[PDB]
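Visitor: 3D, please:
(chains A, B, C and D, ligands or ions: 4)
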4 protein chains.
Amino acid sequence: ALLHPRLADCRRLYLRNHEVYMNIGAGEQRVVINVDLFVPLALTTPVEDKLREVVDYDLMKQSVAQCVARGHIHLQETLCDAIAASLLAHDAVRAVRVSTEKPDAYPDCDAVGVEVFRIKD
Amino acid sequence: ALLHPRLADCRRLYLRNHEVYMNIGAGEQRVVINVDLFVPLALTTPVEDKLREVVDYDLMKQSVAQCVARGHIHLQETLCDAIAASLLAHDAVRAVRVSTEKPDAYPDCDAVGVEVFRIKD
Amino acid sequence: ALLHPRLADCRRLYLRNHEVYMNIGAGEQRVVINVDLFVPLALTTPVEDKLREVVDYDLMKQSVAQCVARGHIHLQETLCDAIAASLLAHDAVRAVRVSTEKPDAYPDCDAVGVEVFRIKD
Amino acid sequence: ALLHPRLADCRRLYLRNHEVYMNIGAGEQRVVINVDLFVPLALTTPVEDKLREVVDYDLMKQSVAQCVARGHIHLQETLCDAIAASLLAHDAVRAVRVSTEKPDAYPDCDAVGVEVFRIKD
Ligand SMILES: Nc1nc2[nH]cnc2c(=O)[nH]1
Ligand SMILES: Nc1nc2[nH]cnc2c(=O)[nH]1
Ligand SMILES: Nc1nc2[nH]cnc2c(=O)[nH]1
Ligand SMILES: Nc1nc2[nH]cnc2c(=O)[nH]1
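Guide: Residues are numbered from 1 along each chain as shown, chains lettered A, B, ... in the order given. Ligands and ions are numbered 1, 2, ... in the order given. Shown next is the protein structure:
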């Protein structure tokens, strides 16, 4: 992904397998979320080892929490697209990849999920 | 994959590690199947959180079941290619990736498998 | 990988985590090998579900066995390169990816390994 | 990655899940590090099975140890960028991918991390 020409000047921040329990469905279900945020090196290269010099990666879990807390989600696309739109709404974000999946959708499958990858023009 | 130019306007629906037991071989054997379906955002962006607004991802498991139920499969290519052809036969599908594998083909390997990735022109 | 332009008309045959025990080192050690073979669809699309219609994927494990059986291997590159050269030496092979790794090289790492990816011109 | 045009003439050396314990934070924490080093085939193709013919892959763990041993690291970017700069500082290295992650950053996530991928011009 960091080989893509629009992303070659970026670092990747990533959140792996963030689980939440929520009401979702077209009791609560487990949903597993993965996020990749692409932020420019020129905006996120610390030279004083200070948090203010980078994009705080706590924004990924915060954005998922905000989206899940809105309630009333039926489709995985609704949640996935909302997390991606939230995370794109930041000046220092160039691109985002978000997947959601339901490990318990089917007894004979590990998961079924939805993924988007959005890059700013 | 969603960086590929023909897929940049798509979301990815995915089915991870769908296991089936079937007669296959050039008793039943376990076969593990993975599917990625690429569907255009323009056709699958819900604005009312309704299932009719998207491509129902149950189509992946349904298509595998239909193919496995035909019986008389000897080669992994026969099954893999049939699942891919079935899933391409939908107006809102742009591309599909399908892999099949046999975890028990060899005692000293985790799996041997076959994968195809087909994109509509 | 099947999005690469030279590989778009290929299927991928794969062998996941083939373990062998052998003398290797610059008692026996465990080495884990992964192989991807890219073969043209035009040469490997069965229409009669017969093995003669495809490239038999047993060739991957056979080639690893032949290379390991030669003995006297010190470097991972020597083994990896030999497996790749063996598997390229077939008319219906367009490309091969081979990795070798040593899970026990270091107590505080899962593995250290070497990978090559060779495509015929 | 070995399909990328600048890397097509390279092999990949890789270190998977190197764990360290260190003080890091914007007691010690566990940090998991992954490294991919791209080195030209023309510089690393052994024909006599001798270590002097290749880039010794012990350099990856050595460089991580040197960086961790400097102490006083607050941000993951500081560590990740330092490992990448160290490993690029070798004539036979064409590119490097380095990720760091903290498995224990959040109770409901497997990890949060940072990755860079640097290629020499
Ligand atoms: N695409 C899609 N299909 C479904 N089928 C059942 N639930 C869903 C969902 O959330 N999204
Ligand atoms: N390519 C291929 N080789 C095999 N060798 C044994 N079974 C098979 C199969 O299903 N496909
Ligand atoms: N590149 C490389 N470095 C090593 N250092 C120790 N063993 C090896 C090996 O097999 N290959
Ligand atoms: N990007 C980034 N955000 C953080 N938030 C808390 N620690 C860190 C860190 O090391 N890097």
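
Visitor: Quick check: residues of chain A near ligand 1?
Guide: Within chain A, the residues that sit near ligand 1 (C-beta under 6 Å from any ligand atom) are A:26, A:75, A:76, A:77. For every residue, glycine as well, the C-beta is placed using N, CA and C.

Visitor: Identify the residue spatially nearest to residue A:65, adjacent ones excluded.
Guide: By the measure of C-beta to C-beta, 6 or more residues apart in numbering or on different chains, the closest residue to residue A:65 outside its immediate chain neighbours is residue A:20, 7.9 Å from it.

Visitor: Could you verify that that neighbour is part of a strand?
Guide: Yes: judged by DSSP: H, G, I helix; E, B strand; the rest coil, residue A:20 forms part of a strand.

Visitor: near chain B, which residues of chain A?
Guide: A:1, A:4, A:26, A:72-78, A:80-81, A:97, A:99, A:101, A:106, A:108-117, A:119 (C-beta under 8 Å from any C-beta of the partner chain).

Visitor: do you know how far residue A:99 is from residue A:114?
Guide: Distance, residue A:99 to residue A:114, by C-beta to C-beta, to the nearest Å: 7 Å.

Visitor: all helices of chain A, in order?
Guide: Taking DSSP state H as the criterion, chain A contains helices spanning A:58-69, A:76-88.

Visitor: Output those helices in TSV, with mean neighbour count appended to each entry.
Guide: Listed next are those as TSV, based on neighbours: other C-beta atoms under 10 Å in any protein chain shown:
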stretch	mean neighbour count
helix A:58-69	18
helix A:76-88	22
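
Visitor: Mind putting the ones you listed into CSV with distance to residue A:52?
Guide: Output for these, formatted as CSV (distance: least, C-beta to C-beta, whole Å):
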stretch, distance to residue A:52
helix A:58-69, 13
helix A:76-88, 20
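
Visitor: Out of those, which gets nearest to ligand 4?
Guide: Closest approach to ligand 4 among the helices of chain A (C-beta to the nearest ligand atom): helix A:58-69, 5.1 Å.

Visitor: Pull out the buried members of the residues of chain A next to chain B.
Guide: The neighbour count (16 or more other C-beta atoms under 10 Å in any protein chain shown) marks A:26, A:73-78, A:80-81, A:97, A:99, A:101, A:109-117, A:119 as buried among these.

Visitor: thinking again about what came up before, ok, the residues of chain A next to ligand 1 vs residue D:65, which is closest?
Guide: Nearest to residue D:65 among the residues of chain A next to ligand 1: residue A:76, at 42.6 Å, using C-beta to C-beta.

Visitor: what's the closest non-adjacent residue to the closest one?
Guide: Spatial nearest neighbour of residue A:76, excluding adjacent residues (C-beta to C-beta, 6+ apart): residue A:114 at 4.3 Å.

Visitor: Report the beta-bridge partners for the one you found.
Guide: Under DSSP bridges, the beta-bridge partners of residue A:114 are residue A:100, residue B:13.

Visitor: check contacts around it.
Guide: By C-beta atoms under 8 Å, 6 or more residues apart in numbering or on different chains, the contact set of residue A:114 is A:76, A:77, A:80, A:99, A:100, A:101, B:11, B:12, B:13, B:14, B:57.

Visitor: Residue D:41: which of those residues is nearest?
Guide: Among the contacts of residue A:114, residue B:12 lies closest to residue D:41 (C-beta to C-beta), at 33.4 Å.

Visitor: Contact partners for the closest residue to the closest one other than its chain neighbours?
Guide: Closest residue in space to residue B:12, ignoring its immediate chain neighbours: residue A:115 at 4.3 Å, by C-beta to C-beta, 6+ apart. Neighbouring residues of residue A:115 by C-beta under 8 Å, 6+ apart: A:80, A:97, A:98, A:99, B:2, B:11, B:12, B:14.

Visitor: at 7 Å what do you get?
Guide: The neighbours of residue A:115, taking C-beta atoms under 7 Å, 6 or more residues apart in numbering or on different chains as the test, are A:97, A:98, A:99, B:2, B:11, B:12, B:14.

Visitor: The second one contacts residue A:86, doesn't it?
Guide: The reference is to residue A:98. No: when contacts are counted by C-beta atoms under 7 Å, residue A:98 is not listed as touching residue A:86 (9.4 Å).
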